[PDB]
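The chain contents come next:
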Amino acid sequence: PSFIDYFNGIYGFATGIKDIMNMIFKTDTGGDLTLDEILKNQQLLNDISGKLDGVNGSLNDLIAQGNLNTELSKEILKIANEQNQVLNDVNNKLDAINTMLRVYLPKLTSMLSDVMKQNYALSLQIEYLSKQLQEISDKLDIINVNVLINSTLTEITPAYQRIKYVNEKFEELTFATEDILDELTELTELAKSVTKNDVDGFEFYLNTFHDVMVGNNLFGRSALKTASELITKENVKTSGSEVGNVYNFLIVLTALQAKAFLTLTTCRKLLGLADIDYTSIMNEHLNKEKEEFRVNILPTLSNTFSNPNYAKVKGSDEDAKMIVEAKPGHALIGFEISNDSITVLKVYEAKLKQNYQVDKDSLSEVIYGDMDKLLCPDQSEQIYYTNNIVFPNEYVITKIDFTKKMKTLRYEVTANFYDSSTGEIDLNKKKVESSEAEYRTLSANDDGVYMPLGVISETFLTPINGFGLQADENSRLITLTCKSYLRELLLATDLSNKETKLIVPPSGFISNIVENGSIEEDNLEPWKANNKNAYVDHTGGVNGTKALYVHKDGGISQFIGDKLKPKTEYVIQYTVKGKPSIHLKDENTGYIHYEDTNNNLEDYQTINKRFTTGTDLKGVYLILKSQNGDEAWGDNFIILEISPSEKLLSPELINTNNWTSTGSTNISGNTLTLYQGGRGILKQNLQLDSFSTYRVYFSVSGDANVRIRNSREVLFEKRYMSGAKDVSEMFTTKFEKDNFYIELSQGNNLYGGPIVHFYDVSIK
Amino acid sequence: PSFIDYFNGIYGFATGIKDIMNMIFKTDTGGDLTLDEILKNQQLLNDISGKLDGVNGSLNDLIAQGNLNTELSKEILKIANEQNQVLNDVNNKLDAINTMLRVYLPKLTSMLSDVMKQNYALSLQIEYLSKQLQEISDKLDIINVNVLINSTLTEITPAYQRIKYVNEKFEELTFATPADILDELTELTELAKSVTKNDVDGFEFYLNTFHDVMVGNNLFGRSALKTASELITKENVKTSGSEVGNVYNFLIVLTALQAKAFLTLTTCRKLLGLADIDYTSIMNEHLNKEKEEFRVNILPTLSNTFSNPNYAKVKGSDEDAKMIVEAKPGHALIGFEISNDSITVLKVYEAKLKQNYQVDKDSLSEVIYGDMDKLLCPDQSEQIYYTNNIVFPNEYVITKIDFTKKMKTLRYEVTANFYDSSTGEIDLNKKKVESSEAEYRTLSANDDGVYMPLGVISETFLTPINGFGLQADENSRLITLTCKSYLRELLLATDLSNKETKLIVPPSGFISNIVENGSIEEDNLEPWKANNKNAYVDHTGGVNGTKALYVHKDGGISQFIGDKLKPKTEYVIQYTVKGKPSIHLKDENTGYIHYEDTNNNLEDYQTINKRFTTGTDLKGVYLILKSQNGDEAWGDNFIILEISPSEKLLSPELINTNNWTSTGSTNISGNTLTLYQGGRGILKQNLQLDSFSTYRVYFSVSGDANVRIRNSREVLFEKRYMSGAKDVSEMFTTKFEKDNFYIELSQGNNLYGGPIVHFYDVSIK
């Protein structure tokens, strides 16, 4: 589960905790004593009143039982009235204490609830970031332990254990809370053990945690440094960059510390103790850790991130192409390639606001499906022009083309100028391509090639500065490495202690049209059941969800006709169990776009297909029934709009009307003829792109020589000599694109009479 | 944050804390055994007692004066007895509370006020030294180390953390010191109960283990001092001091930790009214054992030389200049500092000595020099650094260091005056050493500037300088100034012998500046002043945590500094400012404008530093900070330094036409020399050259010639230019000679008759 709200940085929740601490302090419960002192005085007055009241009762009873004289009874009544006045004063004080305690208890419960509210509001972010931390930690099963790591762990685990224990137990008890003192026994014990001055108390371990993190030890290193060196390992394959991962680590550390200080203040207030204002110390710790990370950690980190995983794939080698394009004001900020059933690529766009921030409102998601065929070949070889583009700062990638001509993979990137101060991207473009001199070829192999997979995006969505593809032929690996502006955004917003705003890449598809596809909201306001059957089976679904179910003949339907397009391709996906039947059906007209029937899926199976739409569209809706009369239940309904893929157009270039001939040579329609004995040649000027590839076709008879070259560089040249029946040849252009020409020639002396012929000479 | 005050060494704060502990012992609390007596119930218990005593007295009078004698009277006796029990409990509680409030509270509040007042200065000193030691430790590497270093760290980290935290917490809770006073006393008593509780892992246990690790009584006989010295002595560690000073600073920090820990322990045991133990004996034993360990097993194996900590790329014109870093009569050089914030500047500290090389705080003059980058660095034409480490004997203190950059070479001459160890007077008995000739090193011409030294060149505490050396690395193009100190002797004589120690610390601030309150830290601008009701002290502004001067409309903040100046002497101005300021050093009389800085759209704080000269009446000059036109701007860190004048190089001509001892057929016509072919004649001229100096000989020769500048037994230069000798300038040195040097212009041939050879403009410069 991911959160769509901003993250606000460490400064964000630091200021939040400061506000909560101010809220705790401003409250004036009693302002006279503490809880323990209140209860001690309560017991004191209880015992005093009990003894005095027993005495007075005994006196009154034994004097009323037998009255003897006038003066004796008079003085007895006088002293009894005086003692009763004293008892009334004692009882007044005791009732004042009782009222103080009765206004104390509920006030403290309300304060703890108000605390826990914002504490839980914050805890979700650190929960997701700690989940990512655990994901990166699982990869540490192959990194052997070093003396540095051993020492840092043995030094930090006690303080960390104690701080985590205190925080989690305080949260647990404050949640369990929602006389009362008998119920607050555990909370009071915790507050008394946490606010206790001791040689090895809680504040001691907090301070030593900070000192071992920032590195204020006499002869100790900063634990942030060792943690970054551990995270920044080559064997560890994570989704984001190194800046992002060490930033997540710093986030979890500062969150632990801030929650600890908050629990400390809340416990002090619960016990009625004085207010110490730990805001200053918390800010000192957090800011010192931030400055450590900024000065001695961040500069030596990489801001480039690649794909974490690969997948064996086979892609048709038939001239593929795609164009990951952003809108005029939008930019590219992240990718994700999924290869469960279909090889889909989601791309995130967004408007920028300032200091490379990402506008959450404008966050859009585009889909592509040509990655399989593009990146990986099926049977016959492949070529990739490996070159990591690196645009300068202030430029953000907006368009990334992939043009697979014959068997090459060439890509061109463009970066628009982004003003850092403002959030606008002007139409000042810098175009780079994959240089020629450095290409790498994957040989034809029966098994599939390893295509990138997973999330290619910074831990927090940010603009992309550079793009590159790499290929390894020894292992047939492919990697897509991008470059982000996270260092700049951090140094500008969070490491300068200013307002931060960040977005985390979500796990699901934002663009999917089917609302409540996962069916997590128990109320099916989007969906609906026609007949009194087919309901929400909570036990079913993708483990912890609420699946849609069908029994007899009543199918659950959802209207999604409007949010579609005509003839545009779409991708359907859904997990189901039993014998289901899914149909994307239109009420008007009997057109059936997607239909899935007859699937004895005893266990949950994930079906993913592609289709097209062609109808009125406005009257279309999704339907889930049961095959014939059986029962079945599904979940995770997804319908994605994949962007149309453009077909690579190939101009003929060569035309019979552009054959500059010299000497005895004749061009008849579509045939060329060079006569032996003459010094003639057929030169033709061409217009070739910069770093493109081209394919020349010839059908030649006789001895011939052909050279496609420039004045100072030659792309292709060959004398086929006797045999030249038919030949197709690939040739590249490199950084040239100027004054290129083809020469059909044959230089000999006393060869007269015979001739050489060319047919179907073409550049495609 | 330095402090200009005699840092009395371990002996100092040791005896101070011993006195404080004895005073704490002398404090009398009495019967303060009722700690679990809430003092905030005095009024309640007093009211209850005052209201119950009346009833008790009424019952007593009834049973006494009353004539009733019956079991009724017996029951009345029982009732009175129960009321008396209640009253007696209330009165016992009230009496305990009153005693604790009128005997136990005033004594302790006074005692703790005194404890804190005395700990103030010790805390200041030890906090500065702790900052320095933490910088050093940051400059350390502990990744790849032995088993002994690892064991010492394992053994010393927990106790160190515990003791440091406990000291800081006790200091905070004491400074904390009505319901607030009693709550703070409750916090102090909780901390005291935790510190003094009977467990094997108590504060005392950690103190004793800290001592055992400092002395070497651990598993491996490895004292923490030995690992500290081994880690600080490595080549990678570059600090502003020697190994002696750095390990002594380590010892100071840790012994101060221990002493303050013993003080907190005594204060806690007294606050809880516990049996006294007299930790003064244990404190003295620990500190003396650790000082003895340092003196015996650590100090002898340390080097008392300190070099430059940092380097900076810098260039310098090939123009020749002479500099004389000297100390006034009776003074001595005790430290330097090369700062290149904006321009290269050299602070030099001079002070009179008192005894055992102790520096006098009162006499701590500071001089400034500005021609260090133009002297230590070349611009575009190579450089020759003469490198030799001088080492004077004991009782001799450096007073003058003279750099003479005659040509493209660098060489220095040091002078050391005799110093009496017993008294504090430095006689005028001088020993002069120079940079030996045979060992010079050349930096080739390179477009990129050379790495000039930078940082504080001085022991951790200002001490006299014994020897000086310049070293140069050609491959790395580095330059280092390695000086030698007397800290070992000053310590063996004062501190490690348990005697009154007096140590000063490099102030880390241009004391020489004439702008009072330049940093503007004192909120009350008694020196400065505002003409109009505007331009005030912006506390939020300034170098992070300071109080900057501000200007808005047309009222500029001014400070009078006309007197403390000189006419035509060069000065350096420096100041940080934000906004659009306008700084002017203006004289009320005459419209002369010495320094003027206007039009600087410094949106962020920028540090402007410039040089200038003064020429006016001077007595009516003052500094002014206004805003350009009408904008606003605020600055801070105002500094005006008087740089010592630099002397220009005077190079004797030496060669005069009136001293040409000619032999054979040779003729000298005015400024031309002519040797006739066919004759056995030669032109010999005697010269007077200095010991370790360089000279440049210029010739314009026509014909075949040979020239040799040599002595009777050594030759400085010799060359036969043969056919072509149109013009030639040659550098030559003298080495350890300076006696009977002569130039010979000669050409030896047989049957060559008729032609001649001519020399012109032959000069030695």
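Per the PDB record, the structure was determined using cryo-EM to 2.9 Å resolution.

Draft legend 1. Just the overall build of chain A, in detail. Across its full length, chain A holds 11 helices and 34 strands. Whereas a compact globule of 764 residues would reach a radius of gyration of roughly 27 Å, chain A reaches 39 Å, over 25% beyond that. By principal-axis analysis of the C-alpha atoms, chain A measures approximately 170 × 75 × 45 Å. Burial statistics for chain A: of 764 residues in total, 51% are counted as buried. Summing over all exposed atoms, chain A offers an accessible surface of approximately 35400 Å²; the carbon and sulfur share of this is 47%.

Draft legend 2. Layout of a negative patch on the surface. Residue and element names in this part refer to chain A. A cluster of acidic side chains, namely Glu127, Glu168, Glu172, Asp179, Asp182, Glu183, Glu186 and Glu189, defines a negative patch on the protein surface. When residues of the negative patch are traced back to their parent elements, those giving at least two are α4 (147–177) and α5 (185–194). In this fold, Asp182 is placed in the loop between α4 and α5. A residue is classified by how much of its surface remains accessible, and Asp182, at 59% relative accessible area, is exposed.

Draft legend 3. The packing of aromatic side chains, seen in detail. Residues and elements named next belong to chain B. Enumeration over the complete set of coordinates arrives at 45 aromatic pairs over all chains. Considering the side-chain rings of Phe262 and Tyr279, the 6.1 Å spacing of their centres and the 45 degrees angle between planes classify their relative orientation as tilted. Here the residue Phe262 occupies a position in helix α8 (residues 243–271), and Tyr279 occupies one in the loop between α8 and α9 (280–298), the gap between them amounting to 17 residues. Under the relative-accessibility criterion, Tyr279 is labelled buried at 3%. Pairing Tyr412 with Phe468 gives two aromatic rings, centres 5.4 Å apart and planes at 80 degrees, and the pair type is edge-to-face. Of the two residues, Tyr412 sits in strand β10 (residues 412–419) while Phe468 sits in strand β14 (residues 465–473), which places them 56 residues apart along the sequence. Judged by its relative accessible area of 2%, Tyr412 is buried. The exposure class assigned to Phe468 is buried, which follows from its relative accessible area of 3%.

Draft legend 4. How the structure looks around helix α3 (residues 71–138) of chain B. For α3 of chain B, built from 68 residues, the straight-helix expectation of 100 Å at 1.5 Å per residue is missed by more than 12%, its first-to-last C-alpha distance being only 88 Å. Its axis deflected by about 35 degrees at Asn119 of chain B, α3 of chain B carries its strongest bend there.

Draft legend 5. A look at the UniProt feature "domain: CBM-cenC" (unreviewed entry) in chain A. Mapped onto the present numbering, the UniProt feature "domain: CBM-cenC" (unreviewed entry) falls at residues 511–627 of chain A. Helix makes up 0% of residues 511–627 of chain A and strand 45%, with an end-to-end C-alpha separation of 30 Å.

Draft legend 6. Looking closely at the interface of chain B and chain A. Residue-level contacts link 52 residues of chain B with 44 residues of chain A. Buried surface at the junction of chain B and chain A, both sides included, amounts to about 4300 Å², of which 67% is carbon and sulfur. On inspection of chain B and its partner chain A, the count reaches five salt bridges. Its salt-bridge partner being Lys93 of chain A, residue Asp47 of chain B comes within 3.8 Å of it at the nearest N-O pair. In this assembly, chain B and chain A are joined by nine residue pairs in polar contact. Of all elements in the fold, only α2 (42–65), α3, α4 (147–176), α5 (179–196), α7 (224–233) and α8 of chain B reach the threshold of two or more residues within the side of chain B that touches chain A.

Draft legend 7. How the structure looks around empty space enclosed by the protein. Here the largest cavity is characterised by a volume of approximately 110 Å³. What lines the largest cavity is a set of 14 residues, and nearest its centre among them are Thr195, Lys196, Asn197, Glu203 and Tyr278 of chain A. Looking at the lining of the largest cavity, the elements that each hand over two or more residues are α6 (202–214) and α8 (242–270) of chain A together with α4 of chain B. Tallied by class, the residues present in the lining of the largest cavity amount to seven nonpolar, two polar and five charged.

Draft legend 8. Up close: the UniProt feature "domain: CBM-cenC" (unreviewed entry) in chain B. In the UniProt entry, the feature "domain: CBM-cenC" (unreviewed entry) is given for residues 512–628 of chain B. As annotated, residues 512–628 of chain B has a helix share of 0% and a strand share of 44%, and its two end C-alpha atoms lie 30 Å apart.

Draft legend 9. View of the pattern of salt bridges. By the definition in use, this model includes 43 salt bridges over all chains. Linking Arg610 of chain A and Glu569 of chain A is a salt bridge whose minimum nitrogen-to-oxygen distance equals 2.9 Å. Placement of the pair is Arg610 of chain A in strand β22 (residues 601–612) and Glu569 of chain A in strand β19 (residues 569–578), with a sequence separation of 41 residues. The partly exposed category is assigned to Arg610 of chain A, whose relative accessible area is 39%. Under the relative-accessibility criterion, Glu569 of chain A is labelled partly exposed at 30%. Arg411 of chain B is paired through a salt bridge with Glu437 of chain B; the nearest N and O atoms lie 2.7 Å apart.

Draft legend 10. Spatial organisation of the sheet that holds strand β23 (residues 602–612) of chain B. All names here are of chain B. In space, the five strands of this open sheet follow the order β17-β18-β25-β20-β23, with antiparallel pairing throughout. Edge strands, defined here as strands with exactly one partner in the open sheet, are β17 (537–538) and β23. Inspection of the sheet shows strand β20 (residues 571–579) paired to strand β25 (residues 633–642) by eight bridges, in the antiparallel sense. Its bridge partner being in β25, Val577 is matched across the sheet by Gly635.

Draft legend 11. Structural detail: the packing of helix α1 (residues 10–26) of chain B against α3 of chain B. Residues and elements named next belong to chain B. Between α1 and α3, the shortest axis-to-axis distance is 11 Å and the interhelical angle comes to 170 degrees. The angle between the axes of α1 and α3 places the two elements in the roughly antiparallel class. Of the residues in α3, those touching α1 at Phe13, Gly16, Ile17, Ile20, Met23 and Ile24 are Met111, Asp114, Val115, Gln118, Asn119, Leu122 and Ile126. Looking at side-chain class alone, the contact of α1 with α3 contains nine nonpolar, three polar and one charged residues.

Draft legend 12. Looking closely at the environment of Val432 of chain A. Residues and elements named next belong to chain A. By secondary structure assignment, the location of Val432 is in strand β10 (residues 425–433). Given a relative accessible area of 29%, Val432 falls into the partly exposed group. Between the alpha carbons of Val432 and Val199 there is a distance of 63 Å; along the sequence they are 233 residues apart. Contacts of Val432, omitting those with residues within four sequence positions, involve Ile389, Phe391, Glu412 and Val413.

Definitions and limits used
- Residues numbered from 1 in each chain as written, not as in the entry; some residues may be left out.
- Chains lettered and ligands numbered in written order.
- Part of a larger assembly, values for the part shown.
- Heavy atoms only, no water.
- Helix = DSSP H or I, 4+ residues; strand = E, 2+ residues; numbered from the N terminus.
- Rg over C-alpha atoms; globule rule 2.2 N^0.38 Å.
- Buried < 20%, exposed > 50% of the residue type's maximum accessible area, 1.4 Å probe, protein only.
- Areas by Shrake-Rupley, 256 points an atom, 1.4 Å probe, with all protein chains shown as cover.
- Patch = residues over 30% accessible without salt bridge, like charges linked within 9 Å, V, L, I, M, F, W, Y side chains within 5 Å.
- Salt bridge = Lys/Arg side-chain N within 4 Å of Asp/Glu carboxyl O.
- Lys, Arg positive; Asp, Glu negative; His and termini not counted.
- Charge placed at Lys NZ, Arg CZ, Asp CG, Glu CD.
- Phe/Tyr/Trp six-rings, centres within 6.5 Å; stacked < 30°, edge-to-face > 60°.
- Expected span 1.5 Å × (residues − 1).
- Bend = angle between axes of the 7 residues up to and from the residue.
- UniProt positions renumbered as here; feature names shortened; annotations may be inferred.
- Contact = heavy atoms within 4.5 Å.
- Buried area = accessible area lost by both parts, 1.4 Å probe.
- Polar contact = N/O pair within 3.5 Å; in protein donor to acceptor, adjacent residues only side chain to side chain.
- 1 Å grid on protein atoms, 1.4 Å probe; cavity = no way out; pocket = protein on both sides within 12 Å on 5 of 7 lines; lining within 4 Å.
- Points joined across faces, edges and corners; volume = space filled by probe spheres on them.
- Nonpolar A, V, L, I, M, F, W, Y, C, P; charged D, E, K, R; others polar.
- Pairing = 2+ DSSP bridges.
- Axes fitted to C-alpha atoms, helices over the stretch in contact; angles between N-to-C directions.
- Parallel < 35°, antiparallel > 145°, perpendicular 65-115°, else oblique.

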